[PDB]
Amino acid sequence: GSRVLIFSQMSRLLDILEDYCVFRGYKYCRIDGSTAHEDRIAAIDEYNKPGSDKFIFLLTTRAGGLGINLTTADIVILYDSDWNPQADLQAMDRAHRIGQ
Amino acid sequence: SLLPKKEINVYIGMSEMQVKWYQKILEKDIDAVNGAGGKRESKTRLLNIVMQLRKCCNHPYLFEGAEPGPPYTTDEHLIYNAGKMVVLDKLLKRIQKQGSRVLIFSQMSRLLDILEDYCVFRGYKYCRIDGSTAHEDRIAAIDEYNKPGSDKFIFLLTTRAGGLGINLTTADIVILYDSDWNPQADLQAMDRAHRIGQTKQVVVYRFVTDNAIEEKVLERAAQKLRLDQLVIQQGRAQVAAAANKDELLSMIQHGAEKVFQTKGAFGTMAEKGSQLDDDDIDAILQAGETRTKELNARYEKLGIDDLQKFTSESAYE
Amino acid sequence: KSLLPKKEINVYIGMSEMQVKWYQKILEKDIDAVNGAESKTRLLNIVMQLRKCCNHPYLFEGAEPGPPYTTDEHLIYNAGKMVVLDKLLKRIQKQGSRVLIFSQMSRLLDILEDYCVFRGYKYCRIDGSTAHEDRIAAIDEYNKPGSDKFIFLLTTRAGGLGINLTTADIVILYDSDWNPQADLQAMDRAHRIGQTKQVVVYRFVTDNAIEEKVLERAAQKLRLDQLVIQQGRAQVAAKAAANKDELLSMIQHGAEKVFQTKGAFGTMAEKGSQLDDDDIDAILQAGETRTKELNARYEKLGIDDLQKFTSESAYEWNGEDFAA
Amino acid sequence: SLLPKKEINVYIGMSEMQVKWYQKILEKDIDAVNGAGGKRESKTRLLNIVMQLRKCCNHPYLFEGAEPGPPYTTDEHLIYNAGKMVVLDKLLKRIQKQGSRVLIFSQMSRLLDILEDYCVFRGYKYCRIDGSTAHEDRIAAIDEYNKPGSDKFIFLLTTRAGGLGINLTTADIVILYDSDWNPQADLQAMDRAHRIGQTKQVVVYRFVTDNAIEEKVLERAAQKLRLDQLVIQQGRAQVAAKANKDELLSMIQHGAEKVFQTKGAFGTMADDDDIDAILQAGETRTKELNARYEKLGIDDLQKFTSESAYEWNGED
Amino acid sequence: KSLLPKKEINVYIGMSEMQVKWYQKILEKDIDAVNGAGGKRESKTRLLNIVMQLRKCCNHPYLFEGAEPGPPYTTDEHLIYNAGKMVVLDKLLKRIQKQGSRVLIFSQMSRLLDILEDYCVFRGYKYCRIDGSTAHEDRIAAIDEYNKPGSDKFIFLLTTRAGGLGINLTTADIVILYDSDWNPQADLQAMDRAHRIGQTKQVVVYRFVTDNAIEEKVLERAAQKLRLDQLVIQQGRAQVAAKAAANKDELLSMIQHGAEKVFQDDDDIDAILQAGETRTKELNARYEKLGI
């Protein structure tokens, strides 16, 4: 019953995970960080909607910005790591913050 | 692994004798007690009342002519005439029974004098650092209590006496007979036994005269302690309020790929083309205010731990 | 009196086909620094050129169609912000509202001057190169009851202290200052004591370009300034000594119960002078309980909820005069 | 058109003679003034002290042996030994000048005896009804004051006989020397001038001894008046607590249109996630409903009587 | 001890396809009163029946005879998916039990508790029941069975009638009002079976409401009845203060006022009326801002 955020340095790796989530029939949203502000607002709220359909959320590590909330997920997977330890540390803090 | 210390407020009452002296102190200057006189009065008058109530919450024998009439003996009245002594007597007894040793701190040296007579009365081996104690003396006092297989049991100190960095990890219990006005002072006295080298769980007991002046004293210090934490935790804010290479690099690279992709006009211009009817403007303003709310409600809620840029971020690679 | 809070709306704007060409040209002429390779002085130039492009291509020389330089509709449709502004001003006038227009670049106000003349918009202007007697002539000519003027062009760092243009209700920040406190001064030329109507502030932001990223970094420093404010309040209260009233509340606490007490007080009354281990276990149990409850009350007071004596905020004007 | 009345408190000091007697009252039972008696104590002991301070705030001559020693003569010290009488003299002097007629009420019949001797000293024509006055007598006193071309100018009355349903609109100024514990009794005296038939503006002047017992008394009556108003305006809240023909129709009709249109299932029927959406949105609608109604008053919740008179359908 | 204020949440529910058919059938078989043709006196009685039949429909179609497929009647999944409230209840109970909470379920209709009884056995929920039936049904025995330490029970089915009898059910923390009583004080008296002295957890009250149907309009009329009842209480309290005579403390504070200070021109005479009227308007302002 857990919900997961998955972070990556490479947007073309998330392209691979997109085809994976379709191959396994997983519901998901995605923020490249090279998306749009309104588009990623929708991706956030749809994942946090009380009663959300989605299960996985595809993210790039430095994408969302500061202080977005994805506490409706409880597990974070860092597919690969940033050079700066804070970028990964802030990726965990999407889930590990006030409201979790 | 150093275990976090256990700090417990032990709320104590007053003996019948203390109530008599507590009433007299309040009575001898009842005008200032009820808040009478001018607002121009210097702080000296009220502060004198605070001192007397503080001494009275410690031990009545700090007032001359209090101890039962001449000749003077050192017996059980030294214990049962002060509520803190009664709680301390069974507390110290239980501390030695479990193989624990204790540091006892106080603000007043005349109270440690009272505790000296208590320790001799009960046959407790003890050491004392006063703040009126020479350097070579307290060195030997530290070593005596820290000697392996030490004879001593209680260590009597004033909250300020020793100085920074002295080590008393051969004790695991700390008893604050009375509290200090600045919380860092009491916190430093706990860290005489709660520091690297301490193996056992440090427990700190703080004697507090419930429903009197010392309970109200304690709330203020707890506030000033909470204030200090907010300052220290926010100490990173002013150094953050220039521009990193990456910060300047992110400003330029932001949306630059989408610009190179574009051959005609950008968003608002490509979709509508430099001509805007009322409906198109209305969407622009509704979309902006919505993005404005979500942006402000996201950042005005943040804390220092999210805004603080690590120094390793400058290590651009 | 009642001063309605200011409504600040970010208006995200695209770029014209001409802007895209120059924006690409700027990125291309120094693609080496854009890629990642060390001096920020090289980057600070790229930033300033991109800001000019987000504002107007005609700020670059040779951009406007060659001589003669004629003022027509091309002054508008070649800049994304101008297209939005022309229709925004058109609606502003229809609803009987007057607008102050600020900018970081005086050469942009020059572009807006040519626009106002081309559209028949009566205007005034304070450039920070404007004499005091010439400033006061523009202030009064704009504020006089039944005034003919409609637009007032000012530089964000014009540096007028205490200038009053409350006869306008709309403020448009054509581009944004790197210090959010400077823009808040420009807002508080209409949104100040004396304003009777709803102040609406439009902040033009070039979407999906450098101006959108600057917008986010401004909110970060804007919040950090609030945190410094709160650290200052918590710092002042922490070093503050007790008042005569604060000392009084400490002395008076429980004084009535002591006068009420004839025998012993509290613990010494509950089980006098000799305490078994069951007595100590009850004191320590309730004592550790009251300690946790006491800490919980104070562990919930954060910087964002501090007793404010002076009511400053990073989201209102500093009173600081920004004459650069 | 009946003009609303102006109510003005006149805060009055006391004379030195009043001060000495105000002290003597508190001195003669300073143990009770300090409140050192038992709770078995009947209200009488403290009520006696209250009455004296009321007598003192009115006029010192109400005490035995207070007025200067024999002989008892009507002089200026009848006016300047009482704080209220000093202000009353100039107020009566100015009211008489502007062609207005005044009703003067009081609690104590022995004070009307003092105003009895005062109006003789000043040459004011007057009437008086004590509440110890006969019926046919107080008809002649009412008519004499209300007869066209009346000689009288002042009307002395106790608050007892004021509230009987009588009519004194021929005067236009009401002076309350002292106030009753029951505020609705003074309002019975104000409504002697301020009622049907009054042609001029009715102004009520209330004499209050500032910084004394009468100032605190004024607050107690001001509370009881506000309490009286709250209970009157919320009175119909109980009959409203005890269904219409229009409510039953709206109850039945609420969703009937949306129901008839349905061809499958209804709103939510047409996952554990599916329950978290309902509970969250249901809590939101609950907040707005409770906030909207729990802030309302009887002006809204009260059903008018004509609301039960279903007549036709505004929207078929 | 700390008794947490109760969280009351309206759970808005739709209707199944079967309910819509019956809800329409009720409205259709009696359209003259619904359209307003009822008249003066006869009409009011006809409308009161339609209300009660719609409430039966909002509860469960099987309350109407001939609704459930003919004899025999077996308890399967059709007992749940044919009623909107049952679907929400089935998953809500699934969450309530999983988080270790025990739930009281109230209802206006005992024949609906009959349906809920068939549901609990169909799902394996241990339960007790009080119908307000005083015929050989000792309600004391079920209370003790539900409160016993380490109890086997999970659900307690009650009629809103039998709830307000001074019975104590503090071992449960969740109350679900399947349907609501017309008198709000009856439901509040039903909530206090769990939310009373003895409760240790946060009491949450779920009120099932059929959205966009008669139950939603009833919900608003209940908010009216609940709020003005508070006003009558406030009037009663305000009534005592107006009838109350002064206490010994009230008399002493009146006497002591200014006692210590005593022991210690027409332009101007007009100033009293200015200074007095200022204080007179000021005095009234303090009390006009009180209100109930």
# chains A, B, ... in the order shown; residues from 1 in each chain; ligands from 1
>>> select_by_dssp(residues="segment 79-181 of chain D", states="helix (DSSP H, G or I)", output="ChimeraX atom specification")
/D:79-80,83-97,109-122,135-146,159-162
>>> select_by_dssp(residues="segment 75-297 of chain C", states="strand (DSSP E)", output="PyMOL selection string")
chain C and resi 99-103+123-126+151-155+170-173+200-206
>>> write_last_selection(atoms="N, CA, C and O atoms", output="CSV table (one decimal), in the first residue's frame")
chain,number,residue,atom,x,y,z
C,99,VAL,N,-2.8,54.3,-13.9
C,99,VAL,CA,-1.8,53.4,-13.7
C,99,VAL,C,-0.4,54.0,-13.7
C,99,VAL,O,-0.1,54.9,-14.4
C,100,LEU,N,0.4,53.6,-12.7
C,100,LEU,CA,1.8,54.0,-12.6
C,100,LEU,C,2.6,52.8,-13.2
C,100,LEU,O,2.4,51.7,-12.9
C,101,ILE,N,3.5,53.1,-14.1
C,101,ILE,CA,4.3,52.1,-14.8
C,101,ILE,C,5.8,52.3,-14.4
C,101,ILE,O,6.4,53.4,-14.8
C,102,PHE,N,6.4,51.3,-13.8
C,102,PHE,CA,7.8,51.4,-13.4
C,102,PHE,C,8.6,50.5,-14.2
C,102,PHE,O,8.1,49.5,-14.9
C,103,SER,N,9.9,50.7,-14.3
C,103,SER,CA,10.9,50.0,-15.0
C,103,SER,C,12.3,50.2,-14.5
C,103,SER,O,12.6,51.2,-13.9
C,123,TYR,N,0.6,61.5,-20.3
C,123,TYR,CA,1.5,60.9,-19.3
C,123,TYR,C,2.4,61.9,-18.6
C,123,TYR,O,2.5,63.1,-19.0
C,124,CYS,N,3.0,61.5,-17.5
C,124,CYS,CA,4.0,62.2,-16.8
C,124,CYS,C,5.2,61.3,-16.7
C,124,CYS,O,5.2,60.1,-16.9
C,125,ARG,N,6.4,61.9,-16.2
C,125,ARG,CA,7.6,61.0,-16.1
C,125,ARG,C,8.5,61.6,-15.1
C,125,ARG,O,8.8,62.8,-15.0
C,126,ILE,N,9.0,60.7,-14.2
C,126,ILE,CA,10.1,60.9,-13.2
C,126,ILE,C,11.2,59.9,-13.5
C,126,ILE,O,11.0,58.7,-13.2
C,151,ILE,N,-1.3,58.0,-17.5
C,151,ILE,CA,-0.2,57.1,-17.3
C,151,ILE,C,0.9,57.9,-16.6
C,151,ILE,O,1.1,59.1,-16.9
C,152,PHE,N,1.6,57.3,-15.7
C,152,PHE,CA,2.7,58.0,-15.0
C,152,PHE,C,3.9,57.0,-15.1
C,152,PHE,O,3.9,56.0,-14.4
C,153,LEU,N,4.9,57.4,-15.9
C,153,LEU,CA,6.1,56.6,-16.1
C,153,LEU,C,7.2,57.0,-15.0
C,153,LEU,O,7.6,58.1,-15.0
C,154,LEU,N,7.7,56.0,-14.3
C,154,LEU,CA,8.7,56.2,-13.3
C,154,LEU,C,9.8,55.1,-13.4
C,154,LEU,O,9.5,54.0,-13.8
C,155,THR,N,11.0,55.4,-13.0
C,155,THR,CA,12.0,54.4,-12.7
C,155,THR,C,11.8,53.8,-11.3
C,155,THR,O,11.4,54.5,-10.4
C,170,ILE,N,-3.6,51.4,-10.0
C,170,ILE,CA,-2.9,50.3,-10.6
C,170,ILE,C,-1.4,50.6,-10.8
C,170,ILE,O,-1.0,51.7,-11.2
C,171,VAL,N,-0.6,49.6,-10.5
C,171,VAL,CA,0.8,49.7,-10.6
C,171,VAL,C,1.3,48.5,-11.5
C,171,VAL,O,1.0,47.3,-11.2
C,172,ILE,N,2.1,48.8,-12.5
C,172,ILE,CA,2.6,47.8,-13.4
C,172,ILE,C,4.1,47.8,-13.3
C,172,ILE,O,4.8,48.8,-13.7
C,173,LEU,N,4.7,46.7,-12.9
C,173,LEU,CA,6.1,46.5,-12.8
C,173,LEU,C,6.6,45.8,-14.1
C,173,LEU,O,6.5,44.6,-14.3
C,200,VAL,N,-4.2,47.2,-7.4
C,200,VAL,CA,-3.9,46.0,-8.1
C,200,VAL,C,-2.5,46.2,-8.8
C,200,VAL,O,-2.3,47.2,-9.5
C,201,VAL,N,-1.6,45.3,-8.5
C,201,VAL,CA,-0.2,45.4,-9.0
C,201,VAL,C,0.1,44.3,-10.0
C,201,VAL,O,0.0,43.1,-9.6
C,202,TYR,N,0.4,44.6,-11.3
C,202,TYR,CA,0.7,43.6,-12.3
C,202,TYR,C,2.2,43.6,-12.5
C,202,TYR,O,2.8,44.6,-12.8
C,203,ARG,N,2.8,42.4,-12.3
C,203,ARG,CA,4.3,42.2,-12.4
C,203,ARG,C,4.5,41.4,-13.7
C,203,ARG,O,4.3,40.2,-13.7
C,204,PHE,N,5.0,42.1,-14.8
C,204,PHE,CA,5.2,41.4,-16.0
C,204,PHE,C,6.4,40.4,-15.9
C,204,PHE,O,7.5,40.8,-15.4
C,205,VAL,N,6.2,39.2,-16.2
C,205,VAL,CA,7.2,38.1,-16.2
C,205,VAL,C,7.2,37.4,-17.5
C,205,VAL,O,6.2,36.8,-17.9
C,206,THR,N,8.4,37.4,-18.2
C,206,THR,CA,8.6,36.6,-19.4
C,206,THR,C,8.6,35.1,-19.1
C,206,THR,O,9.6,34.6,-18.6
>>> residues_around(residues="segment 284-290 of chain C", least_positions_apart="2", cutoff="6 Å", atoms="only C-alpha atoms", output="list in words")
residues 8, 9 and 10 of chain B; 281, 282, 292, 293 and 294 of chain C
>>> interface_residues(of="chain A", to="chain B", cutoff="9 Å", atoms="only C-alpha atoms", output="ChimeraX atom specification")
/A:34,37-38,41,66-69,83-87,90,93
>>> write_last_selection(atoms="N, CA and C atoms", output="compact mmCIF listing (two decimals), in the first residue's frame")
# COMPACT_ATOMS: atom_id res chain seq x y z
N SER A 34 11.84 20.42 -16.86
CA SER A 34 11.67 21.19 -18.09
C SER A 34 10.24 21.06 -18.62
N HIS A 37 5.06 25.37 -15.33
CA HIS A 37 4.59 25.62 -13.97
C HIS A 37 3.16 25.13 -13.77
N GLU A 38 2.24 25.55 -14.65
CA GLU A 38 0.87 25.05 -14.56
C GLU A 38 0.79 23.54 -14.78
N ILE A 41 2.00 21.93 -11.57
CA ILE A 41 0.98 22.12 -10.53
C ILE A 41 -0.08 21.04 -10.65
N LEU A 66 11.52 24.51 -4.96
CA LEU A 66 11.61 24.47 -3.50
C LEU A 66 10.23 24.38 -2.87
N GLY A 67 10.05 23.40 -1.99
CA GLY A 67 8.90 23.36 -1.12
C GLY A 67 7.64 22.75 -1.69
N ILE A 68 7.72 22.04 -2.82
CA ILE A 68 6.57 21.29 -3.27
C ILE A 68 6.34 20.13 -2.32
N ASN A 69 5.08 19.70 -2.20
CA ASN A 69 4.71 18.69 -1.22
C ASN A 69 4.21 17.44 -1.94
N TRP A 83 25.79 15.03 -7.88
CA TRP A 83 27.12 15.35 -7.37
C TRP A 83 27.02 16.09 -6.04
N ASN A 84 26.06 17.02 -5.93
CA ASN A 84 25.82 17.75 -4.70
C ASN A 84 24.90 16.94 -3.80
N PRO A 85 25.30 16.62 -2.57
CA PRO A 85 24.44 15.81 -1.69
C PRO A 85 23.12 16.47 -1.35
N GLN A 86 23.02 17.80 -1.49
CA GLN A 86 21.79 18.49 -1.10
C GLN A 86 20.66 18.24 -2.09
N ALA A 87 20.99 18.07 -3.37
CA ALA A 87 19.96 17.84 -4.38
C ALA A 87 19.19 16.55 -4.10
N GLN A 90 17.23 17.18 -0.78
CA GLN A 90 15.98 17.90 -1.01
C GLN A 90 14.96 17.06 -1.77
N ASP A 93 13.14 15.19 0.88
CA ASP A 93 12.32 16.08 1.69
C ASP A 93 11.03 16.50 1.00
>>> closest_residue(among="D:3, D:79, D:259, D:238", to="residue 199 of chain D", atoms="only C-alpha atoms")
D:3
>>> interface_residues(of="chain C", to="chain B", cutoff="6 Å", atoms="only C-alpha atoms", output="ChimeraX atom specification")
/C:9-11,13-17,77,83,208-210,213,221,223-224,228,231,234,238,250-251,253-254,263-268,273,287-288,291
>>> write_last_selection(atoms="N, CA, C and O atoms", output="compact mmCIF listing (two decimals), in the first residue's frame")
# COMPACT_ATOMS: atom_id res chain seq x y z
N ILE C 9 -0.47 40.44 -8.85
CA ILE C 9 -0.69 39.37 -9.82
C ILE C 9 0.49 39.33 -10.78
O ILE C 9 0.79 40.33 -11.45
N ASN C 10 1.16 38.17 -10.86
CA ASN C 10 2.17 37.93 -11.88
C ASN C 10 1.47 37.64 -13.21
O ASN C 10 0.63 36.74 -13.29
N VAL C 11 1.80 38.42 -14.23
CA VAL C 11 1.26 38.23 -15.58
C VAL C 11 2.35 37.62 -16.45
O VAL C 11 3.26 38.33 -16.92
N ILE C 13 4.19 36.31 -19.61
CA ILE C 13 4.14 36.79 -20.99
C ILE C 13 5.16 36.04 -21.83
O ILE C 13 6.25 35.68 -21.35
N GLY C 14 4.81 35.78 -23.09
CA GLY C 14 5.72 35.19 -24.05
C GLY C 14 6.54 36.25 -24.78
O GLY C 14 6.53 37.43 -24.44
N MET C 15 7.27 35.79 -25.80
CA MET C 15 8.14 36.66 -26.58
C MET C 15 7.72 36.65 -28.05
O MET C 15 7.29 35.61 -28.57
N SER C 16 7.86 37.79 -28.71
CA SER C 16 7.56 37.88 -30.12
C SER C 16 8.62 37.13 -30.93
O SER C 16 9.67 36.75 -30.42
N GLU C 17 8.32 36.93 -32.22
CA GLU C 17 9.26 36.25 -33.10
C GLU C 17 10.60 36.98 -33.15
O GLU C 17 11.65 36.34 -33.25
N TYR C 77 4.03 45.18 -31.50
CA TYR C 77 3.92 43.76 -31.78
C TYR C 77 5.27 43.04 -31.82
O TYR C 77 5.29 41.81 -31.94
N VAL C 83 2.52 44.01 -26.19
CA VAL C 83 1.22 43.53 -26.64
C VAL C 83 0.27 43.40 -25.46
O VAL C 83 -0.89 43.85 -25.51
N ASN C 208 8.84 31.11 -19.19
CA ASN C 208 9.77 30.14 -19.77
C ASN C 208 11.05 30.80 -20.26
O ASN C 208 11.70 30.32 -21.19
N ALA C 209 11.43 31.91 -19.63
CA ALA C 209 12.69 32.60 -19.92
C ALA C 209 13.37 32.97 -18.62
O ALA C 209 12.98 32.48 -17.55
N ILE C 210 14.40 33.82 -18.69
CA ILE C 210 15.16 34.17 -17.49
C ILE C 210 14.29 34.88 -16.46
O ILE C 210 14.50 34.73 -15.25
N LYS C 213 12.68 32.58 -13.90
CA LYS C 213 13.60 32.07 -12.90
C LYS C 213 13.94 33.14 -11.87
O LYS C 213 14.06 32.84 -10.67
N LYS C 221 14.68 34.99 -1.45
CA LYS C 221 15.25 36.08 -0.67
C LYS C 221 14.17 36.85 0.08
O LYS C 221 14.42 37.36 1.17
N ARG C 223 11.54 35.54 1.44
CA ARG C 223 11.23 34.76 2.63
C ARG C 223 12.39 34.81 3.62
O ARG C 223 12.18 34.84 4.84
N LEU C 224 13.62 34.81 3.10
CA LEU C 224 14.80 34.88 3.96
C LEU C 224 14.86 36.21 4.71
O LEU C 224 15.33 36.26 5.85
N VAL C 228 15.06 36.71 8.82
CA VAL C 228 15.95 37.64 9.51
C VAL C 228 15.16 38.57 10.41
O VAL C 228 15.57 38.86 11.55
N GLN C 231 14.19 36.42 13.34
CA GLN C 231 15.35 36.17 14.19
C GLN C 231 15.69 37.41 15.00
O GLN C 231 16.10 37.30 16.16
N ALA C 234 13.07 37.61 17.89
CA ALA C 234 13.40 36.60 18.88
C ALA C 234 14.69 36.94 19.61
O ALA C 234 14.85 36.61 20.79
N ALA C 238 15.00 37.77 23.63
CA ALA C 238 15.86 36.87 24.41
C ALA C 238 16.84 37.63 25.29
O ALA C 238 17.14 37.19 26.41
N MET C 250 5.96 37.52 38.78
CA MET C 250 6.72 36.43 39.39
C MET C 250 6.56 36.43 40.90
O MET C 250 6.43 35.37 41.52
N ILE C 251 6.58 37.62 41.51
CA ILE C 251 6.43 37.72 42.96
C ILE C 251 5.02 37.36 43.39
O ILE C 251 4.81 36.64 44.37
N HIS C 253 2.87 35.42 42.05
CA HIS C 253 2.44 34.06 41.75
C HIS C 253 2.43 33.18 43.00
O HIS C 253 3.48 32.89 43.58
N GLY C 254 1.24 32.76 43.42
CA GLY C 254 1.10 31.93 44.60
C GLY C 254 1.16 32.67 45.91
O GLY C 254 1.06 32.04 46.97
N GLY C 263 -0.73 26.03 57.92
CA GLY C 263 0.25 25.03 58.30
C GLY C 263 1.39 24.91 57.30
O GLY C 263 2.21 25.82 57.18
N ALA C 264 1.45 23.79 56.59
CA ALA C 264 2.48 23.53 55.60
C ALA C 264 1.91 23.69 54.19
O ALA C 264 0.69 23.79 53.99
N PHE C 265 2.80 23.70 53.20
CA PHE C 265 2.47 24.07 51.83
C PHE C 265 2.84 22.94 50.88
O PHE C 265 4.00 22.50 50.86
N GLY C 266 1.86 22.47 50.10
CA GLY C 266 2.10 21.52 49.03
C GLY C 266 2.63 20.15 49.40
O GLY C 266 1.99 19.40 50.14
N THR C 267 3.81 19.81 48.85
CA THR C 267 4.37 18.48 49.05
C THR C 267 4.57 18.17 50.53
O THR C 267 4.25 17.07 50.99
N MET C 268 5.10 19.13 51.29
CA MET C 268 5.26 18.93 52.73
C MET C 268 3.92 18.76 53.44
O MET C 268 3.89 18.22 54.55
N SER C 273 7.37 15.35 55.69
CA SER C 273 8.69 15.24 56.31
C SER C 273 9.35 13.87 56.18
O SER C 273 10.58 13.77 56.27
N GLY C 287 6.03 14.78 38.05
CA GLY C 287 7.02 15.77 37.66
C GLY C 287 7.49 15.60 36.23
O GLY C 287 7.57 16.57 35.47
N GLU C 288 7.82 14.37 35.84
CA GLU C 288 8.18 14.12 34.45
C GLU C 288 7.00 14.38 33.52
O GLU C 288 7.20 14.76 32.36
N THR C 291 6.77 18.14 33.13
CA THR C 291 7.92 18.60 32.35
C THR C 291 7.66 18.43 30.85
O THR C 291 7.95 19.34 30.06
>>> residues_around(residues="residue 218 of chain D", least_positions_apart="4", cutoff="12 Å", atoms="only C-alpha atoms", output="list in words")
residues 9, 10, 11, 178, 179, 180, 181, 182, 183, 186, 206, 207, 208, 209, 210, 211, 212, 213, 214, 222, 223, 224 and 225 of chain D; 254, 257, 279, 280, 283 and 284 of chain E
>>> interface_residues(of="chain A", to="chain D", cutoff="10 Å", atoms="only C-alpha atoms", output="PyMOL selection string")
chain A and resi 49-53
>>> residues_around(residues="residue 199 of chain B", least_positions_apart="5", cutoff="9 Å", atoms="only C-alpha atoms", output="list in words")
residues 1, 2, 3, 169, 170 and 172 of chain B
>>> residues_around(residues="residue 14 of chain A", least_positions_apart="3", cutoff="9 Å", atoms="only C-alpha atoms", output="ChimeraX atom specification")
/A:7-8,10-11,17-19,30,32,58-60
>>> write_last_selection(atoms="C-alpha atoms", output="PDB file, in the first residue's frame")
ATOM      1  CA  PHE A   7      14.199  10.646  -8.882  1.00  0.00           C
ATOM      2  CA  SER A   8      16.819  10.651 -11.628  1.00  0.00           C
ATOM      3  CA  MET A  10      18.575  12.162 -16.637  1.00  0.00           C
ATOM      4  CA  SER A  11      15.240  12.989 -18.259  1.00  0.00           C
ATOM      5  CA  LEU A  17      10.668   4.398 -16.847  1.00  0.00           C
ATOM      6  CA  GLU A  18       7.615   5.779 -18.662  1.00  0.00           C
ATOM      7  CA  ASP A  19       7.635   2.796 -21.022  1.00  0.00           C
ATOM      8  CA  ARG A  30       5.827  13.173 -14.422  1.00  0.00           C
ATOM      9  CA  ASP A  32      10.822  16.758 -16.074  1.00  0.00           C
ATOM     10  CA  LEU A  58       8.465  10.265 -12.137  1.00  0.00           C
ATOM     11  CA  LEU A  59      10.793  13.136 -11.225  1.00  0.00           C
ATOM     12  CA  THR A  60      14.189  14.527 -12.095  1.00  0.00           C
TER      13      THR A  60
END
>>> closest_residue(among="D:127, D:8, D:53, D:134", to="residue 150 of chain D", atoms="only C-alpha atoms")
D:127
>>> closest_atom_pairs(of="segment 157-233 of chain E", to="segment 92-109 of chain E", cutoff="12 Å", atoms="only C-alpha atoms", output="CSV")
residue,atom,partner,partner_atom,distance
E:157,CA,E:105,CA,5.0
E:158,CA,E:106,CA,4.8
E:159,CA,E:107,CA,4.9
E:160,CA,E:108,CA,5.6
E:161,CA,E:108,CA,7.4
E:162,CA,E:106,CA,9.5
E:163,CA,E:106,CA,8.1
E:164,CA,E:106,CA,11.3
E:168,CA,E:104,CA,11.7
E:169,CA,E:104,CA,8.6
E:170,CA,E:102,CA,10.2
E:171,CA,E:102,CA,7.7
E:172,CA,E:102,CA,4.9
E:173,CA,E:102,CA,6.2
E:174,CA,E:103,CA,4.6
E:175,CA,E:104,CA,4.8
E:176,CA,E:105,CA,4.9
E:177,CA,E:106,CA,5.0
E:178,CA,E:107,CA,5.5
E:179,CA,E:107,CA,5.6
E:180,CA,E:108,CA,7.0
E:181,CA,E:108,CA,6.6
E:182,CA,E:108,CA,9.7
E:183,CA,E:108,CA,11.3
E:186,CA,E:108,CA,10.3
E:187,CA,E:106,CA,8.8
E:188,CA,E:106,CA,11.5
E:189,CA,E:106,CA,11.3
E:190,CA,E:106,CA,7.6
E:191,CA,E:104,CA,9.0
E:192,CA,E:104,CA,11.0
E:193,CA,E:104,CA,8.6
E:194,CA,E:104,CA,8.2
E:195,CA,E:104,CA,11.3
E:201,CA,E:101,CA,9.6
E:202,CA,E:101,CA,10.5
E:203,CA,E:103,CA,10.0
E:204,CA,E:103,CA,9.7
E:205,CA,E:104,CA,9.6
E:206,CA,E:105,CA,9.5
E:207,CA,E:106,CA,9.8
E:208,CA,E:107,CA,10.4
>>> interface_residues(of="chain E", to="chain D", cutoff="6 Å", atoms="only C-alpha atoms", output="PyMOL selection string")
chain E and resi 9-12+14-17+212-214+217+227+232+235+242+254-255+257-258+276-277+280
>>> atom_distance(atom1="atom CA of residue 286 of chain E", atom2="atom CA of residue 36 of chain B")
28.5 Å
>>> residues_around(residues="residue 186 of chain B", least_positions_apart="2", cutoff="10 Å", atoms="only C-alpha atoms", output="count of residues only")
19
>>> interface_residues(of="chain C", to="chain A", cutoff="10 Å", atoms="only C-alpha atoms", output="VMD selection string")
chain C and resid 207 to 208 212 216 220
